[PDB]
Amino acid sequence: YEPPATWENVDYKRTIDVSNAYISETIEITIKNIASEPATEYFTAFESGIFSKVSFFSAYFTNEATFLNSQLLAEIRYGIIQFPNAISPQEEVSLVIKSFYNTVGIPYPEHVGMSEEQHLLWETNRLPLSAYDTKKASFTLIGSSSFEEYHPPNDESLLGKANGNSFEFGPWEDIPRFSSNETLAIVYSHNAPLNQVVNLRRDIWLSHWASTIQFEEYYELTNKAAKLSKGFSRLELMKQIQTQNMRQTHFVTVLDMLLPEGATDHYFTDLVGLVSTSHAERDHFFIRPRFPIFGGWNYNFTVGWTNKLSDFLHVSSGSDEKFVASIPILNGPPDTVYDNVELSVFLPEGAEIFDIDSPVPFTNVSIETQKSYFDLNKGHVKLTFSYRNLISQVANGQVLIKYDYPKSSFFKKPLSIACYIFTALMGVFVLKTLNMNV
Amino acid sequence: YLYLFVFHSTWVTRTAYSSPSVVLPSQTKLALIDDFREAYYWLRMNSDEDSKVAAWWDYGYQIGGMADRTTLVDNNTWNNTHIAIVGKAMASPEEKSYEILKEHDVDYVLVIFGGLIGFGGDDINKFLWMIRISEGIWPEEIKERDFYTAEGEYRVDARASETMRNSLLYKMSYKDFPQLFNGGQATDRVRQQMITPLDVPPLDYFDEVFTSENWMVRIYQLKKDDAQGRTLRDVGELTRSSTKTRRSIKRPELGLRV
Amino acid sequence: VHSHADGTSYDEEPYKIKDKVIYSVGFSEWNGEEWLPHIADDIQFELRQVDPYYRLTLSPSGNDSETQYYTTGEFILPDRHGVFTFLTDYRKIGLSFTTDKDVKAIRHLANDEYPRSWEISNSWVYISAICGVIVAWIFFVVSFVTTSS
Amino acid sequence: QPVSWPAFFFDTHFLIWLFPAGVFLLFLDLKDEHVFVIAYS
Amino acid sequence: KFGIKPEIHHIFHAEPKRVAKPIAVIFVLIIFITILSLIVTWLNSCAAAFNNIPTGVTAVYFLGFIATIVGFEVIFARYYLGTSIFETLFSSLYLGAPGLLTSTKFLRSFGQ
Amino acid sequence: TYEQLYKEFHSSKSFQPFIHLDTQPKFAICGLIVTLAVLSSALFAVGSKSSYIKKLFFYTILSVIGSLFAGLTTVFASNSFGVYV
Amino acid sequence: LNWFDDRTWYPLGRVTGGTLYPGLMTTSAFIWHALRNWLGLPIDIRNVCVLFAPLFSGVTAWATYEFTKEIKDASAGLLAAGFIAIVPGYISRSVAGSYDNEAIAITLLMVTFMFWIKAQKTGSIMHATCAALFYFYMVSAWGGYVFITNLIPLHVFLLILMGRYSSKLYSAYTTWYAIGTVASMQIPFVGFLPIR
Amino acid sequence: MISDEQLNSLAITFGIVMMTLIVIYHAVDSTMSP
Ligand SMILES: *[C@@H]1O[C@H](CO)[C@@H](O[C@@H]2O[C@H](CO)[C@@H](O[C@@H]3O[C@H](CO[C@H]4O[C@H](CO)[C@@H](O)[C@H](O[C@H]5O[C@H](CO)[C@@H](O)[C@H](O)[C@@H]5O)[C@@H]4O)[C@@H](O)[C@H](O[C@H]4O[C@H](CO)[C@@H](O)[C@H](O)[C@@H]4O[C@H]4O[C@H](CO)[C@@H](O)[C@H](O)[C@@H]4O[C@H]4O[C@H](CO)[C@@H](O)[C@H](O)[C@@H]4O)[C@@H]3O)[C@H](O)[C@H]2NC(C)=O)[C@H](O)[C@H]1NC(C)=O
Ligand SMILES: CCCCC/C=C\C/C=C\CCCCCCCC(=O)O[C@H](COC(=O)CCCCCCCCCCCCCCC)COP(=O)([O-])OCC[N+](C)(C)C
Ligand SMILES: CCCCC/C=C\C/C=C\CCCCCCCC(=O)O[C@H](COC(=O)CCCCCCCCCCCCCCC)COP(=O)([O-])OCC[N+](C)(C)C
Ligand SMILES: CCCCC/C=C\C/C=C\CCCCCCCC(=O)O[C@H](COC(=O)CCCCCCCCCCCCCCC)COP(=O)([O-])OCC[N+](C)(C)C
Ligand SMILES: CCCCC/C=C\C/C=C\CCCCCCCC(=O)O[C@H](COC(=O)CCCCCCCCCCCCCCC)COP(=O)([O-])OCC[N+](C)(C)C
Ligand SMILES: *[C@@H]1O[C@H](CO)[C@@H](O[C@@H]2O[C@H](CO)[C@@H](O[C@@H]3O[C@H](CO)[C@@H](O)[C@H](O)[C@@H]3O)[C@H](O)[C@H]2NC(C)=O)[C@H](O)[C@H]1NC(C)=O
Ligand SMILES: *[C@@H]1O[C@H](CO)[C@@H](O[C@@H]2O[C@H](CO)[C@@H](O)[C@H](O)[C@H]2NC(C)=O)[C@H](O)[C@H]1NC(C)=O
Ligand SMILES: *[C@@H]1O[C@H](CO)[C@@H](O)[C@H](O)[C@H]1NC(C)=O
C-alpha cells in the first residue's frame, strides 16, 4: 500500500549508531504539508530484510517530546505514525523516529586470532528510502573508532568524511522518491562481545500459600563474533589471561545478570549438572560458564532465583479476591539480543484470568494448564506469551495480568490432598474389614 | 558397642564412601575440578550431533551420558577386538593411526592427561594396557619391548624411546606442554620427569579443538585429507622448516604410471 | 533417496534385518549451456560397514528433462545388525567426482516380529498339549470340587 | 582379587567378631532354618 | 585404482527346516486322544463322578468360582493371541479383585 | 487497556500474605504431631475390637480429622523445604 | 525392550535385549510413573535414578527384619534391621548417587530368602511361589542371581543328608524350582542357560 | 539447604535414637515375655 501525497521532507537527518551489537537509528525529520485535504498520518519505509528484524519503533516531537502513536504493520514495507491535533495543510512540523534492530553485520575477516581486533561488515542504504520527496538529507554514522567503506564509489560526492569517532556524509539535496540506487557496505572495529540468544524460555511461578514468586530462565546463547583460526588453544588463552588486564575482547568469561531488588535463592546449572563458578552479590548475579564462549560457540544454561510476592502482586480495590500482577518482561546480561522469547507465567490452580495487557507487541499468546507438585486437579494456569525480537536495553516493560483467586479455591489445595489421604485410609478400612480366610 | 557402631559407621561413610566420581577434589587448596563436564559439555554444545568420539573404553559411558555423542568402545568389554582397534590406534604412528581412525568414521579423539595437576589415572600409565591387548591381536605391528629405553625403563623425557616419541597418544597428550611454564622445561607431576620442546614431535594428521582448564581432557579432531592427494606429513614438512631457500633438481625415481 | 520397496520411508518405519528396500540416485552433466541427463554405466551402489556388504551396479529405469535417474532393484538387507552407510562414490577420471552417503541404523527383529507359534508347522504339538493340560486342569478343579470325599 | 583383614574390620565394626559366634551359637540348637544361615556363612 | 569393481551380494544364512506337516497333525490328534481318554476316564468309567452339587443358595459362589477359574484362562488365552501385557494385567486386576471374594466365600462354605 | 490496568495497578494495596514462611515450619511440625496422633489413634479403632457400626463411625470421623490435618500439614511442610505449594 | 542403541560401539551397535538386565529400569520407571500420575508430584527422572539406593536401603532393612524374625524372635529382627540400615559394607554399594544395579539386588535377595525360609518352615505352596516371583524379579535385576540357585539347593541337599526330610521340604522346594525356573528363563539375557 | 556437619549430626542422631529404642524394645520384650 503506497501513500499518495501530502508530506514533503524539508530536513532529514539519519544517525546510525553501531556501538552495542544492535543497530539503532535516530531519524530527525521536519515535514511540510501541501495545499489539499489536511491528512493526519505518516509512512516510514523499511526494506523487506530489515522489516523482518526490528524490535522498537517510536516517535517524538522535537519542540518538547511527549510521544506519538507509532504503529508497525504486519517489497518495501511501511510503518504508520499517527498525529494528534490534525495539522493545517501548510505548516511545518518536527519529528523524531527512533528504531532498534536485530542484525549487527558479518565479521569481515571471519577467522581472526583471539588477541586481535575484529572488523565487521554492515550493509544498508545511502540514499534514504523515503515514501516522499526530500529537499535536504544528511547522514551521520556515529559509533566506534575506525570506520572504512567497502567498494568506495568513483564519485567524489556521496563519499564519507570522517569525523572524530564519527563518519559523516550523505546525498544532501533533491532525492525524488524511493531510492535503492546504491547500497552501502561499511567495515568497522567493534570490541563488544556480541552475545545473542536464540531461544529464551522463562518460567515464573506465583504462589499464594508461600507468598513468593519464583523465576527460572533457560538461555540458549551463541556468540556471533568472529570465529578463531588455528582452532582453540588453552596455552594462548591462559597466556592471554596472564599477560595483562583482560581489556574488552571477543569471548565470554563472565555474565552480569541484573535481577529484581531482593532476590534470595540463586542457582546456575547447565544441562550436565550444576556449575559452581557463580557469585551472587547484592542486586547482581555474576556467572562464569564452564568453557569461554568464543566466536560461533553455543552454550545453553539455566539460572533461577526467588523473590517475595508482595512487590509484584497487588490486591485490587473493588474485590478482595482479585489480584493484579506486573511481571518484568526481561532480565539478563546488559549486552544481549533475544531472537526468541517465550514468557510463561504460572498462576495457581484455581486462578481465572480476566484481563491481559502487554507493552511490547507480542507474536502470540495462549492459556493452557500444567501440573506441578501437588496439582491433583487440572493444574496451574500457564499464560504464555511469545515475543520474537527483543533487546535487553530497550524493552523495559512489565506484563500486567488481572485475575481472581477466591478463597473457595484457595483452600482447595489442602482439602484436595486431604481428599486423597482420606480415600486412601478408607481404602485401608475396606481392605481390613474384608474376610478372606479359606 | 552399639553406640560406637554408629559413630564408626558414619565416620567411614562420610570419609571413605561419600565422594563424587565427576568432581575431582585433588586440591592442587580445597579446589574442585570439573574438567570432565567442561570437556564433555564442549562435545555436547560445539559438535555436530552425529560425530563419533573415539576415546579409551573406561570413559565410554560418561561420554554417552554427558556429551550425548557416539562412541566406539565402552565400559562393558564384550568385543575385545573392537577395543584392540582403539588400543592399536592410540599406540602407533599417526600415519598408521589416521588410516585406522578414518576407516571407522571417527572425527573426534579425546585423551586424558594428568601431567599439570597430578591425576595419575590419565592415559599414559594405562598406556601399557593399550599395548598388551593390541599386541596379542596384531603382533609385529604394535609390539612391547619397544616403548622402552633398551634397559627396561618406561621413560617419557628425552631419554625415552623413538617408538614412544612417535606414538599417537604421546604427541597428542604432551602437545604444547613444554611451552607451558617458561624456559623450555616442564615438570610432569605424575611421572616426575622433565620434558623439553625439542621432544614432542609435531602432529600433522590431527589438530586440537579443546583443552580443559587444568589440561585434563584434550579433544582432537581428524583434519580432512588433502585436496591435491598428497600425504599430510608432506603438507606439514611443506609449510615449515624446509629448506633455507635451497633446492635440488633430480630424476624423481617414481617408477611408472599404470 | 532410499525407501522401502512398498513405498514407505525410513522415518515412518525404521529399517530391519532382512528387509526389502529400493535406492535411487540421478545424475546430470553440463555441456556449458544446459544440464543434460547423464548416460553412464559403471555406477555402483555400496551398502557398507567397515567392509562393504553390497556393490550393485545401477540400471537407469528413469528419465527427466535435466536428470537421468538410476535404480538398484529390490535388494535384501543383511541379517547382520549394525549401522550401515549407503554410498555412491562415482569416481571416474576425466569427469567430476561425486559422493553421496547416508548413514542409517539397521536393527534386529523385535520380539513381536517373529514367526508365530501357530504359524510354524512344528509347534502344533506343544500348543495342543498345553491346551490339553489346561482343559484337563479345568475339569480337574471342577471335578475335584464337585466330588464328595 | 583377594582382600586383607582391615577391610573386614573396616566394613563391619564389631559385627565381624559376632559373626562367627552367631554361627557357633546357631549350631547348638540346630533347627532346619539355621542350616541356611550356616551354609550362607 | 579407479575403474569398475566386482559385485558383492551377501550370501545369507540358511534356515533350519521346520517339520513334515502331517506328522505334526498325527501327534496333535494323538494328544487329543490322550486328553479325551482322560475325560472319559474321569466322568463315568472310573466312577469319580459328581457325587454332590451345591444346589442351595451357595450355588452362586460356585458359579463365581467357575467364573474365576475359567476367567483367568480366558484372560491368558487372549494374552496368547496379541493383547499386550498391560491390558491383560488390568484385565486380571479387574477380575482378580471381585473374583477373590467370591472364590473365598465358596471355600468358606465348604469344609472338607 | 494498558493504561487503565496500569492506573488500577499502581493505585492498589500490596499482597498481605496469609501465613509467612518463617513461622510455617513450626506449623508443619505441630501439624505433624497432631495428624500423627489422630491417625495413629485411628488404626487402633479398627485395630483392637468393637462392633461394626461404631468402628465405622469412629474410624470415619477420626480419619476425616486426621486426614485434613495431614493435608494442611503437608502443604506447610511442602512450603518449608524449598518447593512451593 | 526392543532398543537397538546405534549410539554405542558405532559400526556394531548394542542390541540391549540380550546384553541388559531390564529390572532396575522398569522399577525406577514404575516409581516415576507411579508418583507421576497416581500420587500428584512430578519429579524428574534423574532424581528417581539418583535417590533409588537410599529408598531401597530401608526395604533391605525391613526384609532383614522379616528374615531374622523367621530365624529367631522379632527382637533380633530389629537388631538385624538396625545393623544393615547403616552398615558400611552395604552403604559402599548403596551410596546416594549409585544406580549401579546392586541397589535393587540385595532388597530382593532378602525378600527371596525371607519367602524361602517362610516357605520351608510351614511347607506352604504359596510362599514358595512368591519366593519364585521374587526370585524371577531378582533375576531381572542382577547377574549374581546364580548364588540363589546354588544356595537354596545347597540348603535342601543338606536337609537330605542330615535325615531331616519331610513333606514340607518337598512341597516347598519342588514348586520353587518349577515356578522359579520356568519364570527365570523369560529374561532374554538368561535364555536356555538354566537348562545347559 | 542443610549443610554437611548438620547432616552428620542428623545421621548420628538417627543412629543413636535407633539403637536406643532397639535396646529399650529388647529389654521390655526380654523381661515381660514367657
Ligand atoms: C568385534 O569387532 C571386530 C572389529 O571391529 C569385528 O571384527 C571384524 O569382523 C568383520 C566381519 O566378519 C571382518 O570382516 C571380514 O574379514 C574377513 C577376513 O578375511 C581375511 O583374509 C582374507 C584372505 O583369506 C583377506 O581377503 C581379508 O582382507 C584382506 O584384503 C582386503 C582387500 O585386499 C583388505 O582390505 C584387508 O585389509 C585384508 O588385507 C582378511 O585378511 C574377510 O574375508 C571378509 O570379507 C568378506 O566379507 C565382506 C562382507 O562381510 C565382503 O565385502 C568381502 O568381499 C568378502 O565377501 C565374501 O563373503 C561374503 C559373505 O560373507 C560373500 O557374500 C562374498 O561374495 C564373498 O564371498 C566369497 O568368499 C567366500 C569365502 O569367504 C565364499 O564362500 C564365496 O563363495 C565367495 O567366493 C570380511 O571383510 C573383519 O575382518 C573383522 N576385523 C577384525 C580386526 O577382526 C568383529 O566382527 C566384532 N565382533 C562381533 C561379534 O561383531
Ligand atoms: C492367579 C493370578 C495369575 C496372574 C499371572 C501374572 C503374572 C505371573 C508372574 C510372573 C510372570 C513372569 C513372566 C514375565 C512376563 C512379562 C514380560 C513382558 O510383558 O514383555 C513381553 C515380551 O517379553 C520380553 O521381552 C521379556 C521381558 C521381561 C520383563 C522384565 C521386567 C520384570 C520386572 C517387573 C517388575 C516391575 C516392578 C513391579 C513391582 C511389583 C511383552 O509382551 P506384549 O506386550 O508384546 O504382549 C503380547 C503377548 N504376545 C507377544 C505373546 C502376543
Ligand atoms: C509416607 C509419609 C511421608 C513420607 C515423607 C518422606 C520424606 C520427607 C522428608 C524430607 C523430604 C524433603 C526434602 C526436599 C529436598 C528439596 C526438594 C527439591 O529440590 O527437589 C524438587 C522435587 O520436588 C519434590 O520432590 C517435592 C517434595 C515435597 C516433600 C514435602 C513433604 C511431602 C511428603 C508427601 C506426603 C504424602 C503425599 C500425599 C499426596 C496425595 C525439585 O524441584 P524443581 O527441580 O522442579 O525446582 C523448581 C521448582 N519450580 C518448578 C516450582 C520452579
Ligand atoms: C506404600 C507407599 C507409601 C506412601 C508414599 C507416599 C508419599 C511418599 C513419597 C514421596 C514423598 C517425598 C519424596 C520426594 C523427595 C525428592 C527429593 C529430591 O529429589 O531432591 C533432589 C535433591 O535433594 C536434595 O538436595 C537433598 C536430598 C533430600 C531427599 C531425601 C530422600 C527421602 C525421600 C524418600 C526416598 C526418595 C523417593 C523419591 C525417589 C524415588 C533435587 O535435585 P535438584 O538438583 O534437581 O534440585 C536442586 C534445587 N534446585 C533445582 C532449585 C536447584
Ligand atoms: C519413612 C520416614 C522418613 C524419615 C526421614 C527421611 C529422610 C530424611 C533424610 C534427610 C533429610 C534432610 C533434608 C535435606 C534438604 C534440606 C532442606 C531443609 O533443610 O529445609 C530447611 C527447613 O526444614 C525444616 O524446617 C523442616 C520442617 C518440618 C519437617 C516436617 C517433616 C515432613 C513430613 C510431612 C508429611 C505429612 C503427611 C503425612 C502422610 C501420612 C530450610 O532449607 P532451605 O533454606 O533450603 O529452604 C528454602 C528457604 N525458605 C525457608 C525460604 C523456604
Ligand atoms: C543449545 O541451543 C542451541 C540454540 O538453539 C541449539 O542449536 C540448534 O540446534 C538445532 C538442532 O541441533 C539446529 O537445527 C539444525 O539446523 C540445521 C540447519 O540450520 C540442520 O542442518 C539440522 O538438521 C538441524 O535441523 C539449530 O540450527 C541450532 N541453532 C543454532 C543457532 O545453532 C542446540 O541444539 C542446543 N543444544 C542442546 C544440547 O540442547
Ligand atoms: C500460538 O500458540 C499456540 C498455543 O496455543 C500454538 O498452537 C499449538 O501449536 C502446536 C504446534 O507446536 C500444536 O501441537 C498445538 O496443538 C497447538 N495448540 C492449539 C491450541 O492450537 C500456535 O501454533 C501458535 N501460533 C504461532 C503463529 O506461533
Ligand atoms: C529422456 O532422456 C533424454 C536424454 O538425452 C532426453 O533428451 C529426453 O528428453 C528424455 N525424455 C523424457 C520423456 O523424459
# chains A, B, ... in the order shown; residues from 1 in each chain; ligands from 1
$ interface_residues --of "chain A" --to "chain F" --cutoff "8 Å" --atoms "only C-alpha atoms" --output "MDAnalysis selection string"
chainID A and resid 207:211 309:311 313:317 324:326 357:359 373:374 400 402 413:419 421:422 425:426 429
$ interface_residues --of "chain B" --to "chain A" --cutoff "12 Å" --atoms "only C-alpha atoms" --output "ChimeraX atom specification"
/B:22-23,31-48,62-68,175-182,206-221,223
$ interface_residues --of "chain H" --to "chain G" --cutoff "10 Å" --atoms "only C-alpha atoms" --output "PyMOL selection string"
chain H and resi 11+15+18-19+21-23+25-30
$ write_last_selection --atoms "C-alpha atoms" --output "PDB file, in the first residue's frame"
ATOM      1  CA  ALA H  11      22.727 -39.112  60.689  1.00  0.00           C
ATOM      2  CA  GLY H  15      21.637 -43.819  64.678  1.00  0.00           C
ATOM      3  CA  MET H  18      17.604 -46.060  66.531  1.00  0.00           C
ATOM      4  CA  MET H  19      19.924 -48.168  68.706  1.00  0.00           C
ATOM      5  CA  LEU H  21      14.892 -47.633  71.164  1.00  0.00           C
ATOM      6  CA  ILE H  22      16.065 -51.029  69.848  1.00  0.00           C
ATOM      7  CA  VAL H  23      17.669 -51.704  73.249  1.00  0.00           C
ATOM      8  CA  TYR H  25      12.362 -52.783  72.911  1.00  0.00           C
ATOM      9  CA  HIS H  26      14.649 -55.719  73.646  1.00  0.00           C
ATOM     10  CA  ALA H  27      14.621 -55.032  77.394  1.00  0.00           C
ATOM     11  CA  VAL H  28      10.828 -54.709  77.577  1.00  0.00           C
ATOM     12  CA  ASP H  29      10.464 -57.817  75.406  1.00  0.00           C
ATOM     13  CA  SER H  30      13.012 -59.949  77.284  1.00  0.00           C
TER      14      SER H  30
END
$ atom_distance --atom1 "atom CA of residue 222 of chain A" --atom2 "atom 38 (C, counted along the ligand's line) of ligand 6"
12.4 Å
$ atom_distance --atom1 "atom CA of residue 54 of chain C" --atom2 "atom CA of residue 70 of chain C"
16.2 Å
$ residues_near_ligand --ligand "ligand 4" --cutoff "6 Å" --atoms "only C-alpha atoms and all ligand atoms" --output "VMD selection string"
(chain A and resid 267) or (chain G and resid 47 to 48 51 to 52 55)
$ decode --residues "segment 51-82 of chain E" --atoms "N, CA and C atoms" --output "CSV table (one decimal), in the first residue's frame"
chain,number,residue,atom,x,y,z
E,51,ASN,N,-20.7,-86.5,42.9
E,51,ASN,CA,-21.4,-87.1,44.0
E,51,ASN,C,-22.3,-86.1,44.6
E,52,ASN,N,-21.9,-84.8,44.7
E,52,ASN,CA,-22.7,-83.8,45.3
E,52,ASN,C,-22.6,-82.5,44.5
E,53,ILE,N,-23.7,-81.8,44.3
E,53,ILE,CA,-23.7,-80.5,43.6
E,53,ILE,C,-24.4,-79.5,44.6
E,54,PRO,N,-23.8,-78.4,44.9
E,54,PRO,CA,-24.4,-77.5,45.9
E,54,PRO,C,-25.6,-76.7,45.3
E,55,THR,N,-26.8,-77.3,45.3
E,55,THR,CA,-27.9,-76.7,44.7
E,55,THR,C,-28.6,-75.6,45.6
E,56,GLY,N,-28.0,-75.3,46.7
E,56,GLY,CA,-28.6,-74.3,47.6
E,56,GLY,C,-28.4,-72.9,47.2
E,57,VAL,N,-28.4,-72.0,48.2
E,57,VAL,CA,-28.1,-70.6,47.9
E,57,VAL,C,-26.6,-70.3,47.9
E,58,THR,N,-25.8,-71.3,48.1
E,58,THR,CA,-24.3,-71.2,47.9
E,58,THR,C,-23.9,-71.7,46.5
E,59,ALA,N,-24.9,-71.8,45.6
E,59,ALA,CA,-24.6,-72.2,44.2
E,59,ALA,C,-24.0,-71.0,43.4
E,60,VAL,N,-24.4,-69.8,43.8
E,60,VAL,CA,-23.9,-68.6,43.1
E,60,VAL,C,-22.4,-68.3,43.4
E,61,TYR,N,-21.9,-68.7,44.6
E,61,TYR,CA,-20.5,-68.6,44.8
E,61,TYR,C,-19.7,-69.7,44.1
E,62,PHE,N,-20.4,-70.8,43.8
E,62,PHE,CA,-19.8,-71.9,43.0
E,62,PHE,C,-19.7,-71.4,41.5
E,63,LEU,N,-20.7,-70.8,41.0
E,63,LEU,CA,-20.7,-70.2,39.6
E,63,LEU,C,-19.7,-69.1,39.6
E,64,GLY,N,-19.5,-68.3,40.6
E,64,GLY,CA,-18.5,-67.3,40.7
E,64,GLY,C,-17.1,-67.9,40.7
E,65,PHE,N,-17.0,-69.1,41.4
E,65,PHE,CA,-15.7,-69.8,41.4
E,65,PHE,C,-15.3,-70.3,40.0
E,66,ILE,N,-16.3,-70.9,39.2
E,66,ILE,CA,-16.1,-71.3,37.9
E,66,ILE,C,-15.8,-70.0,37.0
E,67,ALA,N,-16.4,-68.9,37.3
E,67,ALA,CA,-16.1,-67.6,36.6
E,67,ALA,C,-14.7,-67.2,36.8
E,68,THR,N,-14.1,-67.4,38.0
E,68,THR,CA,-12.7,-67.0,38.2
E,68,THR,C,-11.8,-68.0,37.5
E,69,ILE,N,-12.0,-69.3,37.7
E,69,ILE,CA,-11.1,-70.3,37.1
E,69,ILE,C,-11.1,-70.3,35.6
E,70,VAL,N,-12.3,-70.3,35.0
E,70,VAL,CA,-12.4,-70.2,33.6
E,70,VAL,C,-12.0,-68.8,33.1
E,71,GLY,N,-12.2,-67.8,34.0
E,71,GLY,CA,-11.9,-66.4,33.6
E,71,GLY,C,-10.5,-66.1,33.5
E,72,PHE,N,-9.6,-66.6,34.3
E,72,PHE,CA,-8.2,-66.4,34.2
E,72,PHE,C,-7.6,-67.2,33.0
E,73,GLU,N,-8.2,-68.3,32.6
E,73,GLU,CA,-7.8,-68.9,31.4
E,73,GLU,C,-8.3,-68.3,30.1
E,74,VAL,N,-9.4,-67.6,30.2
E,74,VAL,CA,-9.8,-66.7,29.1
E,74,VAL,C,-8.9,-65.5,28.9
E,75,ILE,N,-8.5,-64.9,30.1
E,75,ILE,CA,-7.5,-63.8,30.0
E,75,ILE,C,-6.2,-64.3,29.5
E,76,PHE,N,-5.7,-65.4,29.9
E,76,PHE,CA,-4.4,-65.9,29.4
E,76,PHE,C,-4.5,-66.3,28.0
E,77,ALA,N,-5.7,-66.9,27.6
E,77,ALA,CA,-5.9,-67.3,26.2
E,77,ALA,C,-5.9,-66.1,25.3
E,78,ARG,N,-6.5,-65.0,25.7
E,78,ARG,CA,-6.5,-63.7,25.0
E,78,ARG,C,-5.1,-63.2,24.9
E,79,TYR,N,-4.3,-63.3,26.0
E,79,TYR,CA,-2.9,-62.9,26.0
E,79,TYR,C,-2.1,-63.7,25.1
E,80,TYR,N,-2.4,-64.9,24.8
E,80,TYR,CA,-1.6,-65.7,23.9
E,80,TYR,C,-1.7,-65.2,22.4
E,81,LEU,N,-2.9,-64.6,22.1
E,81,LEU,CA,-3.1,-64.0,20.7
E,81,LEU,C,-3.2,-62.5,20.8
E,82,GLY,N,-2.0,-61.8,20.6
E,82,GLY,CA,-2.0,-60.4,20.6
E,82,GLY,C,-2.1,-59.9,22.1
